[PDB]
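File shown here: run03.txt, holding compact mmCIF, C-alpha atoms and all ligand atoms.
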```txt
# COMPACT_ATOMS: atom_id res chain seq x y z
CA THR A 17 -171.80 66.15 46.70
CA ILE A 18 -169.86 65.12 43.58
CA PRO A 19 -166.15 64.42 44.17
CA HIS A 20 -163.77 66.65 42.22
CA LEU A 21 -160.56 65.03 40.95
CA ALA A 22 -157.47 66.47 39.28
CA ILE A 23 -156.76 63.23 37.39
CA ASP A 24 -156.11 63.81 33.69
CA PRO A 25 -157.36 60.72 31.78
CA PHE A 26 -155.66 62.13 28.65
CA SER A 27 -152.15 62.56 30.07
CA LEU A 28 -149.16 60.49 29.03
CA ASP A 29 -148.62 58.80 32.39
CA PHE A 30 -152.32 58.02 32.64
CA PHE A 31 -151.95 56.16 29.34
CA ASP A 32 -148.81 54.50 30.70
CA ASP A 33 -150.68 52.90 33.62
CA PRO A 34 -154.39 53.76 33.69
CA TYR A 35 -155.57 51.01 36.06
CA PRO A 36 -154.57 52.60 39.41
CA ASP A 37 -156.21 55.89 38.42
CA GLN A 38 -159.28 54.07 37.06
CA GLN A 39 -160.17 52.56 40.44
CA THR A 40 -159.69 55.94 42.11
CA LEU A 41 -162.29 57.16 39.62
CA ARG A 42 -164.54 54.18 40.39
CA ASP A 43 -164.10 54.36 44.17
CA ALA A 44 -164.49 58.14 44.44
CA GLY A 45 -168.17 57.60 43.65
CA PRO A 46 -170.63 56.71 40.89
CA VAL A 47 -170.10 60.15 39.31
CA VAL A 48 -166.98 62.32 39.47
CA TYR A 49 -166.09 65.78 38.17
CA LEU A 50 -162.74 66.05 36.38
CA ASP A 51 -161.52 69.59 37.03
CA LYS A 52 -158.81 69.32 34.37
CA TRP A 53 -161.36 69.52 31.54
CA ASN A 54 -164.63 70.58 33.26
CA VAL A 55 -166.46 67.34 32.50
CA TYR A 56 -168.41 64.75 34.45
CA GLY A 57 -166.96 61.25 34.54
CA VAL A 58 -168.42 57.80 35.09
CA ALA A 59 -166.09 54.84 35.60
CA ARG A 60 -168.24 52.11 37.15
CA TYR A 61 -169.98 49.53 34.97
CA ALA A 62 -173.49 50.43 36.15
CA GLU A 63 -173.24 54.14 35.31
CA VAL A 64 -171.38 53.62 32.03
CA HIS A 65 -173.96 51.07 30.88
CA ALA A 66 -176.82 53.37 31.91
CA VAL A 67 -175.47 56.33 29.92
CA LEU A 68 -174.97 54.30 26.73
CA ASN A 69 -178.56 53.01 26.90
CA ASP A 70 -180.14 56.46 27.40
CA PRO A 71 -179.39 58.18 24.09
CA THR A 72 -182.16 60.78 24.29
CA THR A 73 -180.65 62.22 27.49
CA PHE A 74 -176.96 61.47 26.81
CA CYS A 75 -176.87 62.29 23.11
CA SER A 76 -174.14 61.94 20.50
CA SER A 77 -175.17 64.69 18.05
CA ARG A 78 -173.22 67.34 19.98
CA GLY A 79 -170.03 65.29 19.64
CA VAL A 80 -168.78 62.06 21.19
CA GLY A 81 -165.52 63.83 22.07
CA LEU A 82 -164.76 66.71 24.40
CA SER A 83 -165.78 69.40 21.91
CA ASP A 84 -169.42 70.48 22.06
CA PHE A 85 -170.64 70.74 18.46
CA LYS A 86 -173.17 73.32 19.69
CA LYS A 87 -170.21 75.45 20.86
CA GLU A 88 -167.32 74.71 18.47
CA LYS A 89 -166.97 73.89 14.80
CA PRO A 90 -166.12 70.19 14.30
CA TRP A 91 -162.74 69.41 12.81
CA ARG A 92 -164.57 67.45 10.09
CA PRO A 93 -168.17 67.19 8.85
CA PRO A 94 -170.01 65.23 11.55
CA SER A 95 -170.53 61.51 11.14
CA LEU A 96 -173.99 60.51 9.96
CA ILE A 97 -173.90 57.49 12.27
CA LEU A 98 -171.54 57.93 15.24
CA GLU A 99 -172.27 61.63 15.85
CA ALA A 100 -176.03 61.39 15.29
CA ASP A 101 -179.11 60.66 17.40
CA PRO A 102 -182.32 58.87 16.50
CA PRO A 103 -184.20 59.23 14.29
CA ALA A 104 -181.51 60.66 11.96
CA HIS A 105 -179.21 57.87 13.18
CA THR A 106 -181.68 55.01 12.63
CA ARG A 107 -181.54 54.33 8.89
CA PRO A 108 -177.89 55.25 8.24
CA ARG A 109 -177.33 52.64 10.96
CA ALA A 110 -179.63 50.18 9.17
CA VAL A 111 -177.57 50.54 5.99
CA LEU A 112 -174.20 49.91 7.66
CA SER A 113 -175.87 47.04 9.54
CA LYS A 114 -176.84 45.38 6.25
CA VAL A 115 -173.51 46.13 4.53
CA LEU A 116 -171.75 44.38 7.43
CA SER A 117 -174.53 41.82 7.84
CA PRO A 118 -174.28 38.19 8.97
CA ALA A 119 -174.88 37.24 5.33
CA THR A 120 -171.87 39.38 4.39
CA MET A 121 -169.48 37.60 6.77
CA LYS A 122 -170.41 34.39 4.95
CA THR A 123 -168.82 35.78 1.77
CA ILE A 124 -165.49 36.87 3.30
CA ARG A 125 -164.97 34.25 6.03
CA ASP A 126 -162.87 31.95 3.83
CA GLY A 127 -160.62 34.75 2.59
CA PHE A 128 -160.25 36.25 6.06
CA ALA A 129 -159.40 32.81 7.48
CA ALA A 130 -156.99 31.73 4.73
CA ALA A 131 -155.13 35.05 4.93
CA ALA A 132 -154.78 34.63 8.70
CA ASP A 133 -153.29 31.13 8.39
CA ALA A 134 -151.01 32.33 5.59
CA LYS A 135 -149.73 35.15 7.81
CA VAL A 136 -149.24 32.83 10.79
CA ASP A 137 -147.24 30.58 8.48
CA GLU A 138 -145.13 33.49 7.17
CA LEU A 139 -143.81 34.75 10.53
CA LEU A 140 -143.24 31.20 11.81
CA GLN A 141 -140.62 31.05 9.06
CA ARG A 142 -139.14 34.17 10.69
CA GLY A 143 -139.57 33.17 14.33
CA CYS A 144 -138.59 36.48 15.94
CA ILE A 145 -141.16 39.01 14.71
CA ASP A 146 -142.96 42.15 15.81
CA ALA A 147 -146.51 41.15 16.71
CA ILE A 148 -147.70 44.72 16.03
CA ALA A 149 -146.05 45.61 12.72
CA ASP A 150 -145.93 42.09 11.25
CA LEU A 151 -149.11 40.58 12.76
CA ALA A 152 -151.50 43.03 14.43
CA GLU A 153 -151.07 45.64 11.67
CA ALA A 154 -150.08 43.43 8.74
CA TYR A 155 -153.04 41.04 8.79
CA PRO A 156 -155.94 43.56 9.00
CA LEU A 157 -154.21 45.65 6.33
CA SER A 158 -153.93 42.55 4.13
CA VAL A 159 -157.67 41.88 4.33
CA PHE A 160 -159.89 44.82 5.33
CA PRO A 161 -158.81 47.43 2.72
CA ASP A 162 -159.52 44.82 0.03
CA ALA A 163 -162.86 44.12 1.72
CA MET A 164 -163.74 47.82 1.43
CA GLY A 165 -162.84 47.79 -2.26
CA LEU A 166 -159.99 50.28 -1.87
CA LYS A 167 -157.32 50.89 -4.48
CA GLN A 168 -153.69 50.00 -3.84
CA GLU A 169 -151.92 53.37 -3.92
CA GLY A 170 -152.48 55.56 -0.85
CA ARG A 171 -153.15 52.90 1.80
CA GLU A 172 -150.27 54.36 3.83
CA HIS A 173 -152.80 57.02 4.94
CA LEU A 174 -155.35 54.67 6.55
CA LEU A 175 -153.72 54.05 9.93
CA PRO A 176 -152.58 57.70 10.25
CA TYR A 177 -156.13 58.86 9.53
CA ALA A 178 -157.37 56.29 12.07
CA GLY A 179 -155.16 57.65 14.84
CA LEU A 180 -156.12 61.22 13.95
CA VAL A 181 -159.86 60.58 14.35
CA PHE A 182 -159.50 59.05 17.82
CA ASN A 183 -156.95 61.65 18.90
CA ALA A 184 -159.42 64.37 17.87
CA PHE A 185 -162.06 62.97 20.24
CA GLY A 186 -159.73 63.96 23.06
CA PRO A 187 -159.15 67.34 24.66
CA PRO A 188 -157.14 70.12 22.98
CA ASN A 189 -153.84 68.70 24.20
CA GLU A 190 -150.70 68.33 22.08
CA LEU A 191 -151.78 64.82 21.05
CA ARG A 192 -154.92 66.29 19.49
CA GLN A 193 -153.26 69.51 18.33
CA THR A 194 -150.37 67.78 16.56
CA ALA A 195 -152.58 65.11 14.96
CA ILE A 196 -154.76 67.77 13.33
CA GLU A 197 -151.89 69.94 12.08
CA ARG A 198 -150.93 66.93 9.93
CA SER A 199 -154.27 65.55 8.60
CA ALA A 200 -155.20 66.78 5.11
CA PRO A 201 -153.02 64.34 3.15
CA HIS A 202 -154.87 61.74 5.20
CA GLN A 203 -158.09 63.75 4.97
CA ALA A 204 -157.94 64.33 1.20
CA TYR A 205 -157.01 60.68 0.60
CA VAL A 206 -159.80 59.27 2.77
CA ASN A 207 -162.21 61.83 1.32
CA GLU A 208 -161.24 61.05 -2.27
CA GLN A 209 -161.52 57.31 -1.63
CA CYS A 210 -165.16 57.55 -0.54
CA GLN A 211 -166.39 58.55 -4.00
CA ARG A 212 -168.31 55.80 -5.77
CA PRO A 213 -165.92 55.49 -8.78
CA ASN A 214 -162.98 54.52 -6.53
CA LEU A 215 -164.86 51.68 -4.76
CA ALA A 216 -164.28 48.25 -6.26
CA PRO A 217 -167.51 46.34 -7.00
CA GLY A 218 -168.55 43.92 -4.26
CA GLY A 219 -166.62 45.64 -1.47
CA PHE A 220 -168.22 47.24 1.57
CA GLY A 221 -167.98 50.71 0.06
CA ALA A 222 -169.58 49.84 -3.28
CA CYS A 223 -172.38 48.14 -1.34
CA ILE A 224 -172.98 51.31 0.70
CA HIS A 225 -173.48 53.35 -2.47
CA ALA A 226 -175.83 50.71 -3.85
CA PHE A 227 -177.94 51.30 -0.73
CA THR A 228 -179.00 54.73 -2.03
CA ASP A 229 -181.82 53.50 -4.29
CA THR A 230 -183.54 52.22 -1.13
CA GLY A 231 -184.45 55.65 0.23
CA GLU A 232 -182.66 54.84 3.47
CA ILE A 233 -179.76 57.10 2.46
CA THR A 234 -179.25 59.52 -0.41
CA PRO A 235 -176.27 59.52 -2.81
CA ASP A 236 -174.70 62.47 -0.96
CA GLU A 237 -174.85 60.59 2.36
CA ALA A 238 -172.99 57.56 0.99
CA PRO A 239 -169.46 59.11 1.00
CA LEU A 240 -169.70 59.96 4.72
CA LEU A 241 -170.90 56.43 5.51
CA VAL A 242 -167.86 55.06 3.67
CA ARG A 243 -165.74 57.51 5.68
CA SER A 244 -167.00 55.99 8.94
CA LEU A 245 -165.71 52.51 8.08
CA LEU A 246 -162.45 54.19 7.02
CA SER A 247 -162.24 56.08 10.34
CA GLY A 248 -163.09 53.47 12.97
CA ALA A 249 -162.29 49.91 11.89
CA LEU A 250 -158.58 49.35 11.28
CA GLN A 251 -156.86 50.71 14.37
CA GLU A 252 -159.14 49.36 17.12
CA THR A 253 -159.16 45.91 15.49
CA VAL A 254 -155.38 46.12 15.05
CA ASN A 255 -155.23 47.17 18.71
CA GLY A 256 -157.63 44.35 19.52
CA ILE A 257 -155.65 41.60 17.81
CA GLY A 258 -152.46 43.04 19.28
CA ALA A 259 -154.18 42.80 22.65
CA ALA A 260 -154.99 39.08 22.42
CA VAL A 261 -151.48 38.13 21.28
CA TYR A 262 -150.15 40.20 24.18
CA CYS A 263 -152.39 38.36 26.65
CA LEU A 264 -151.47 34.94 25.27
CA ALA A 265 -147.87 36.11 25.70
CA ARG A 266 -148.47 37.26 29.28
CA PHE A 267 -150.70 34.34 30.33
CA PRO A 268 -149.17 31.17 28.84
CA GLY A 269 -151.73 29.05 30.68
CA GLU A 270 -154.47 30.60 28.56
CA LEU A 271 -152.51 30.05 25.34
CA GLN A 272 -152.23 26.36 26.23
CA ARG A 273 -155.99 26.06 26.79
CA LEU A 274 -156.62 27.80 23.47
CA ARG A 275 -154.35 25.23 21.79
CA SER A 276 -156.19 22.33 23.43
CA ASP A 277 -159.54 23.75 22.23
CA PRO A 278 -159.27 26.10 19.22
CA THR A 279 -163.06 26.58 19.42
CA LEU A 280 -162.33 29.10 22.20
CA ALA A 281 -160.65 31.45 19.69
CA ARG A 282 -163.75 33.63 19.25
CA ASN A 283 -164.32 34.11 22.98
CA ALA A 284 -160.57 34.45 23.55
CA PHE A 285 -160.66 37.52 21.30
CA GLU A 286 -163.79 38.89 22.98
CA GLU A 287 -162.18 38.61 26.42
CA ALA A 288 -159.15 40.44 25.04
CA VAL A 289 -161.52 43.17 23.80
CA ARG A 290 -162.79 43.49 27.37
CA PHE A 291 -159.36 43.08 28.97
CA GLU A 292 -157.58 45.87 27.08
CA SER A 293 -160.54 47.78 25.58
CA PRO A 294 -159.00 49.36 22.45
CA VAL A 295 -161.64 52.10 22.57
CA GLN A 296 -161.04 53.41 26.09
CA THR A 297 -163.38 56.40 26.34
CA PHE A 298 -166.25 58.22 24.66
CA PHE A 299 -168.20 61.35 25.59
CA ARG A 300 -171.90 62.15 25.71
CA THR A 301 -173.70 65.49 26.01
CA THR A 302 -176.61 65.94 28.41
CA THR A 303 -179.73 67.12 26.56
CA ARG A 304 -181.46 68.02 29.85
CA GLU A 305 -180.96 68.09 33.60
CA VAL A 306 -180.49 64.47 34.66
CA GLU A 307 -179.96 62.58 37.91
CA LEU A 308 -177.48 59.70 37.82
CA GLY A 309 -175.78 58.25 40.88
CA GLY A 310 -177.26 60.92 43.14
CA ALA A 311 -175.69 63.60 40.92
CA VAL A 312 -177.72 66.35 39.26
CA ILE A 313 -176.09 67.07 35.89
CA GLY A 314 -177.29 70.16 34.06
CA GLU A 315 -177.95 70.68 30.38
CA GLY A 316 -175.14 70.71 27.84
CA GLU A 317 -172.61 68.94 30.07
CA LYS A 318 -169.96 66.55 28.77
CA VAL A 319 -170.12 63.10 30.37
CA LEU A 320 -167.00 60.96 29.96
CA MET A 321 -167.52 57.19 29.90
CA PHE A 322 -164.59 54.96 30.89
CA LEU A 323 -165.23 51.89 28.75
CA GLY A 324 -162.00 50.18 29.84
CA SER A 325 -162.57 50.90 33.53
CA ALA A 326 -166.13 49.59 33.22
CA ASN A 327 -164.64 46.42 31.73
CA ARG A 328 -162.51 46.01 34.88
CA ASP A 329 -165.11 46.88 37.53
CA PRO A 330 -165.06 44.37 40.44
CA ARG A 331 -168.71 45.29 41.07
CA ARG A 332 -169.48 43.59 37.74
CA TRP A 333 -166.61 41.19 36.92
CA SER A 334 -164.89 38.44 38.92
CA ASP A 335 -161.15 38.99 39.16
CA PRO A 336 -161.36 41.57 36.34
CA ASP A 337 -157.58 42.03 35.96
CA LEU A 338 -156.95 38.44 34.82
CA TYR A 339 -157.36 37.27 31.22
CA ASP A 340 -159.68 34.23 31.06
CA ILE A 341 -160.59 32.91 27.59
CA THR A 342 -163.59 31.09 29.09
CA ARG A 343 -165.16 34.05 30.90
CA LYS A 344 -168.81 34.88 30.28
CA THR A 345 -167.86 38.07 28.44
CA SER A 346 -171.48 38.93 27.57
CA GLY A 347 -172.32 42.45 28.71
CA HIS A 348 -168.92 44.11 28.31
CA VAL A 349 -169.01 47.63 26.89
CA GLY A 350 -165.89 47.14 24.79
CA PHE A 351 -168.07 47.47 21.68
CA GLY A 352 -170.39 50.02 23.29
CA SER A 353 -174.00 49.37 24.25
CA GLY A 354 -177.42 50.44 23.03
CA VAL A 355 -178.34 51.92 19.66
CA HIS A 356 -174.73 52.90 18.88
CA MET A 357 -173.15 49.53 19.75
CA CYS A 358 -170.46 48.80 17.18
CA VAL A 359 -171.93 48.24 13.73
CA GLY A 360 -168.86 46.34 12.54
CA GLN A 361 -168.49 44.05 15.55
CA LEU A 362 -168.97 41.07 13.24
CA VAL A 363 -166.05 42.14 11.04
CA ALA A 364 -163.83 42.67 14.09
CA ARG A 365 -164.71 39.35 15.74
CA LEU A 366 -164.19 37.58 12.40
CA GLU A 367 -160.70 39.04 12.00
CA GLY A 368 -159.79 38.29 15.61
CA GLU A 369 -161.17 34.74 15.71
CA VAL A 370 -159.52 33.35 12.57
CA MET A 371 -156.26 35.01 13.64
CA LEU A 372 -156.32 33.49 17.13
CA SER A 373 -157.50 30.29 15.44
CA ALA A 374 -154.37 30.14 13.30
CA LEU A 375 -152.33 30.86 16.42
CA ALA A 376 -154.24 28.12 18.27
CA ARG A 377 -153.43 25.46 15.66
CA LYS A 378 -149.88 26.40 14.59
CA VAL A 379 -148.14 28.16 17.52
CA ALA A 380 -146.57 26.43 20.53
CA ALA A 381 -145.22 29.34 22.61
CA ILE A 382 -145.42 33.13 22.50
CA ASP A 383 -142.47 34.62 24.41
CA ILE A 384 -141.60 38.30 24.67
CA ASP A 385 -137.98 38.75 23.59
CA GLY A 386 -137.69 42.50 23.21
CA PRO A 387 -138.62 45.94 24.55
CA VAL A 388 -142.39 46.40 24.54
CA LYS A 389 -143.40 49.93 23.52
CA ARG A 390 -146.82 51.55 23.94
CA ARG A 391 -148.72 53.72 21.46
CA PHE A 392 -150.27 56.78 23.10
CA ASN A 393 -153.61 58.13 21.88
CA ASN A 394 -156.40 60.19 23.41
CA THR A 395 -158.98 57.43 22.86
CA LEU A 396 -157.10 54.31 21.72
CA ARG A 397 -155.10 51.92 23.90
CA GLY A 398 -152.63 49.76 22.00
CA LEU A 399 -149.00 48.77 21.60
CA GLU A 400 -146.46 50.32 19.25
CA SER A 401 -144.21 47.24 19.18
CA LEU A 402 -144.42 43.70 20.58
CA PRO A 403 -141.19 41.79 19.89
CA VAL A 404 -142.03 38.09 20.08
CA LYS A 405 -140.53 34.77 18.98
CA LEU A 406 -143.18 32.25 17.89
CA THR A 407 -142.41 28.60 18.57
CA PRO A 408 -144.07 26.35 15.95
CA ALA A 409 -146.51 23.65 17.03
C1 LIG B 501 -161.85 45.54 18.34
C2 LIG B 501 -162.62 46.11 17.42
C3 LIG B 501 -163.60 47.29 17.67
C4 LIG B 501 -163.85 47.98 18.80
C5 LIG B 501 -163.22 47.82 20.20
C6 LIG B 501 -164.86 48.98 18.49
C7 LIG B 501 -165.41 49.90 19.37
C8 LIG B 501 -166.55 50.64 19.14
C9 LIG B 501 -167.33 51.36 20.12
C10 LIG B 501 -167.01 51.44 21.63
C11 LIG B 501 -168.37 51.94 19.50
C12 LIG B 501 -169.46 52.81 20.16
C13 LIG B 501 -169.15 54.29 19.93
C14 LIG B 501 -170.17 55.17 20.62
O1 LIG B 501 -171.15 54.62 21.18
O2 LIG B 501 -170.02 56.42 20.62
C15 LIG B 501 -168.28 51.60 18.08
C16 LIG B 501 -169.15 51.99 17.08
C17 LIG B 501 -168.91 51.87 15.73
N1 LIG B 501 -168.03 50.99 15.14
FE1 LIG B 501 -166.66 49.87 16.16
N2 LIG B 501 -165.20 48.85 17.16
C18 LIG B 501 -164.45 47.82 16.62
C19 LIG B 501 -164.50 47.39 15.31
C20 LIG B 501 -165.19 47.99 14.27
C21 LIG B 501 -165.18 47.58 12.88
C22 LIG B 501 -164.39 46.35 12.36
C23 LIG B 501 -165.97 48.43 12.19
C24 LIG B 501 -166.32 48.45 10.68
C25 LIG B 501 -165.90 47.55 9.79
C26 LIG B 501 -166.49 49.41 13.13
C27 LIG B 501 -167.33 50.47 12.84
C28 LIG B 501 -168.07 51.17 13.77
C29 LIG B 501 -169.02 52.23 13.50
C30 LIG B 501 -169.40 52.79 12.11
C31 LIG B 501 -169.52 52.65 14.67
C32 LIG B 501 -170.58 53.75 14.87
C33 LIG B 501 -171.92 53.02 15.00
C34 LIG B 501 -172.97 53.92 15.62
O3 LIG B 501 -172.62 55.05 16.04
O4 LIG B 501 -174.15 53.50 15.67
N3 LIG B 501 -165.99 49.11 14.38
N4 LIG B 501 -167.17 50.81 17.91
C1 LIG B 502 -165.27 54.26 16.94
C2 LIG B 502 -165.77 55.05 15.74
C3 LIG B 502 -164.98 56.02 15.15
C4 LIG B 502 -165.46 56.73 14.06
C5 LIG B 502 -166.73 56.46 13.55
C6 LIG B 502 -167.25 57.24 12.35
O1 LIG B 502 -168.48 57.32 12.12
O2 LIG B 502 -166.42 57.81 11.59
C7 LIG B 502 -167.51 55.49 14.15
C8 LIG B 502 -167.03 54.78 15.24
```
Take the structure in this file and express it as structure tokens.
Ligand code: HEM
Ligand SMILES: Cc1ccc(C(=O)O)cc1
Amino acid sequence: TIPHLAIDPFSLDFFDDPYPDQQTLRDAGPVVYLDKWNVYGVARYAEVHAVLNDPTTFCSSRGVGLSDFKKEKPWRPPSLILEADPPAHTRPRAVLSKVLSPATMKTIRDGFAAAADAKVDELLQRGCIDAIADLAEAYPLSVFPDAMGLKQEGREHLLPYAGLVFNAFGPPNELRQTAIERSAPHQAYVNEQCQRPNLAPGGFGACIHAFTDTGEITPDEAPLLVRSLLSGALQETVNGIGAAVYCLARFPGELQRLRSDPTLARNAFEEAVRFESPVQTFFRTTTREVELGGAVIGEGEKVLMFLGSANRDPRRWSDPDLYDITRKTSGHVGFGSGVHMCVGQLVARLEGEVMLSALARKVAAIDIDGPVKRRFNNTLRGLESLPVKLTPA
């Protein structure tokens, strides 16, 4: 009853052009079986959304990657937030929700904005830049590590540890195997940085440790919660900002509308989050026999959710392959959905908005003038290099 496919969603030429294979996954049926890895797959918006909003049946405690934590040892101590179910997930979530609260964005908005404008002034003096190295990577690095309260020496390990975490969600391919057999410089650094003494006062990390008196988390849980924001924050936001600049480079009509109304900068970033989906996939593990899309899935089965394919479903979106900065982007699963929906979505949208804002007010044209290279990862979609010349406004 369930269609079996030989498509490998974690192969290099799937990453090169995933959109043709993603409709084959959508059009094969509401639920497919991927024989390459012995997992169930869901690529339509309706099934992806349903799985994310049923955490008791499609849990996260047994791993949000391919590995079943009930069968294999995790490559690192499990996350107290991402790889946890309610109720153990509830209050560690409530902490990170308050550390990255609306009231917290009020304190960093000016610095995040001024550092975006300063960066968009710095490359305009250069003209021909790399939008990945000098914009998509440079700006979040110039702002988020300071917002965490991190020291200066050792920050070269943050992006490599970011790519390792998302590569380790994938199957035991060479991308995952090679990422792990590097690690422990990145591991030991990220580990060492989560200790309370190395967290500058006022930063996100020092605020997480202060949230141990509250009885929501204990002092031994605080280092892992700091590790989460050091594992999934930089790269997907870097990939997200690199997505929007790419789209404004591909769709000059949308760049012109953003210039005419810089208020659209926040939704322009959100549509780019849906259009590229930096976090492409995430697994869930069935806690019981479940029926979804006429399919009977047994206990302990891995269910792969195609977040990017669900963001391009024509059953849910109108002309989903075109970037529209005015689209009603509400409902996209780029940030997840349900109890696990991204806890730092406010930090990501803040970074993306003020960066597109500075582009909206100071940039006239964004023209590709060099070979565009792609960065391959088991879970992350993003560009390695985006050679661009920025025309000043
Ligand atoms: C473009 C930017 C971002 C994207 C696309 C993104 C994507 C996602 C997705 C899809 C999830 C759900 C994972 C799941 O359900 O298994 C998630 C959760 C999470 N995100 Fe983000 N994220 C972004 C930015 C950030 C930032 C800036 C932070 C922190 C400063 C952050 C921290 C987290 C954490 C800790 C979780 C786990 C929350 C939970 O499991 O309840 N993310 N993110
Ligand atoms: C996307 C993502 C990656 C890692 C984590 C974590 O808890 O470390 C949370 C979310």
- Message: Every residue with an atom at most 12 Å from (-148.7, 54.2, 6.9) (file coordinates; all atoms listed in the file) is what I'm after, so could you write them as a PyMOL selection string?
- Response: chain A and resi 149+153-154+157+169-179+201-202+250-251
Let me see the file: selected residues, C-alpha atoms, as a PDB file, keeping the file's coordinate frame.
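The resulting again_1.pdb:
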```pdb
ATOM      1  CA  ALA A 149    -146.050  45.610  12.720  1.00  0.00           C
ATOM      2  CA  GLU A 153    -151.070  45.640  11.670  1.00  0.00           C
ATOM      3  CA  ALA A 154    -150.080  43.430   8.740  1.00  0.00           C
ATOM      4  CA  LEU A 157    -154.210  45.650   6.330  1.00  0.00           C
ATOM      5  CA  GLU A 169    -151.920  53.370  -3.920  1.00  0.00           C
ATOM      6  CA  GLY A 170    -152.480  55.560  -0.850  1.00  0.00           C
ATOM      7  CA  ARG A 171    -153.150  52.900   1.800  1.00  0.00           C
ATOM      8  CA  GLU A 172    -150.270  54.360   3.830  1.00  0.00           C
ATOM      9  CA  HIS A 173    -152.800  57.020   4.940  1.00  0.00           C
ATOM     10  CA  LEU A 174    -155.350  54.670   6.550  1.00  0.00           C
ATOM     11  CA  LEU A 175    -153.720  54.050   9.930  1.00  0.00           C
ATOM     12  CA  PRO A 176    -152.580  57.700  10.250  1.00  0.00           C
ATOM     13  CA  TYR A 177    -156.130  58.860   9.530  1.00  0.00           C
ATOM     14  CA  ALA A 178    -157.370  56.290  12.070  1.00  0.00           C
ATOM     15  CA  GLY A 179    -155.160  57.650  14.840  1.00  0.00           C
ATOM     16  CA  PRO A 201    -153.020  64.340   3.150  1.00  0.00           C
ATOM     17  CA  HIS A 202    -154.870  61.740   5.200  1.00  0.00           C
ATOM     18  CA  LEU A 250    -158.580  49.350  11.280  1.00  0.00           C
ATOM     19  CA  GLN A 251    -156.860  50.710  14.370  1.00  0.00           C
TER      20      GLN A 251
END
```
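The nearest approach to ligand LIG 502 (chain B) among the residues A:261, A:381, A:98, A:139, with all atoms listed in the file taken into account, belongs to A:98.
The space separating CA of residue 186 (chain A) from CA of residue 111 (chain A) comes to 28.1 Å.
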- Task: Find the residues around region 274-278 of chain A up to 12 Å (all atoms listed in the file counted), leave out those fewer than 4 positions away in its own chain, and share them as an NGL selection string.
- Result: :A and (260-261 or 263-264 or 267-270 or 282-285 or 340-342 or 369-382 or 408-409)
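With CA of residue 56 (chain A) on one side and atom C4 of ligand LIG 502 (chain B) on the other, the separation reads 22.1 Å.
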Find the residues near ligand LIG 502 (chain B). Use a cut-off of 10 Å, count all atoms listed in the file, and write them as a CSV table (one decimal) with C-alpha atoms, in the frame of the given file.
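The result, stored in result12.csv:
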```
chain,number,residue,atom,x,y,z
A,80,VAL,CA,-168.8,62.1,21.2
A,92,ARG,CA,-164.6,67.4,10.1
A,93,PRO,CA,-168.2,67.2,8.8
A,94,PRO,CA,-170.0,65.2,11.6
A,95,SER,CA,-170.5,61.5,11.1
A,96,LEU,CA,-174.0,60.5,10.0
A,97,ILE,CA,-173.9,57.5,12.3
A,98,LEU,CA,-171.5,57.9,15.2
A,99,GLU,CA,-172.3,61.6,15.8
A,100,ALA,CA,-176.0,61.4,15.3
A,178,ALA,CA,-157.4,56.3,12.1
A,179,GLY,CA,-155.2,57.6,14.8
A,181,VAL,CA,-159.9,60.6,14.4
A,182,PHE,CA,-159.5,59.0,17.8
A,185,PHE,CA,-162.1,63.0,20.2
A,240,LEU,CA,-169.7,60.0,4.7
A,241,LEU,CA,-170.9,56.4,5.5
A,242,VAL,CA,-167.9,55.1,3.7
A,243,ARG,CA,-165.7,57.5,5.7
A,244,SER,CA,-167.0,56.0,8.9
A,245,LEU,CA,-165.7,52.5,8.1
A,246,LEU,CA,-162.4,54.2,7.0
A,247,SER,CA,-162.2,56.1,10.3
A,248,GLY,CA,-163.1,53.5,13.0
A,249,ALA,CA,-162.3,49.9,11.9
A,251,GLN,CA,-156.9,50.7,14.4
A,252,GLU,CA,-159.1,49.4,17.1
A,294,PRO,CA,-159.0,49.4,22.4
A,295,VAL,CA,-161.6,52.1,22.6
A,297,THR,CA,-163.4,56.4,26.3
A,298,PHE,CA,-166.2,58.2,24.7
A,351,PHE,CA,-168.1,47.5,21.7
A,352,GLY,CA,-170.4,50.0,23.3
A,356,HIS,CA,-174.7,52.9,18.9
A,357,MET,CA,-173.2,49.5,19.8
A,358,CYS,CA,-170.5,48.8,17.2
A,359,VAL,CA,-171.9,48.2,13.7
A,360,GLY,CA,-168.9,46.3,12.5
A,395,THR,CA,-159.0,57.4,22.9
A,396,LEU,CA,-157.1,54.3,21.7
```
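Candidate residues A:138, A:307, A:317, A:385 were compared for distance to residue 49 (chain A), and the nearest is A:317, using only C-alpha atoms.
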- Item | d(atom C33 of ligand LIG 501 (chain B), CA of residue 367 (chain A)) in Å | 18.2 Å
- When distances are computed from only C-alpha atoms, which of A:238, A:362, A:144, A:129 shows the smallest separation from residue 215 (chain A)? A:238
Where does region 65-145 of chain A meet region 318-335 of chain A within 10 Å, residue by residue, with the nearest atom pair and distance in Å to one decimal for each, counting only C-alpha atoms, listed by chain and rising number, as JSON lines?
```
{"residue": "A:65", "atom": "CA", "partner": "A:326", "partner_atom": "CA", "distance": 8.3}
{"residue": "A:67", "atom": "CA", "partner": "A:321", "partner_atom": "CA", "distance": 8.0}
{"residue": "A:68", "atom": "CA", "partner": "A:321", "partner_atom": "CA", "distance": 8.6}
{"residue": "A:74", "atom": "CA", "partner": "A:319", "partner_atom": "CA", "distance": 7.9}
{"residue": "A:75", "atom": "CA", "partner": "A:318", "partner_atom": "CA", "distance": 9.9}
{"residue": "A:78", "atom": "CA", "partner": "A:318", "partner_atom": "CA", "distance": 9.4}
{"residue": "A:79", "atom": "CA", "partner": "A:318", "partner_atom": "CA", "distance": 9.2}
{"residue": "A:80", "atom": "CA", "partner": "A:318", "partner_atom": "CA", "distance": 8.9}
{"residue": "A:81", "atom": "CA", "partner": "A:318", "partner_atom": "CA", "distance": 8.5}
{"residue": "A:82", "atom": "CA", "partner": "A:318", "partner_atom": "CA", "distance": 6.8}
{"residue": "A:83", "atom": "CA", "partner": "A:318", "partner_atom": "CA", "distance": 8.5}
{"residue": "A:84", "atom": "CA", "partner": "A:318", "partner_atom": "CA", "distance": 7.8}
```
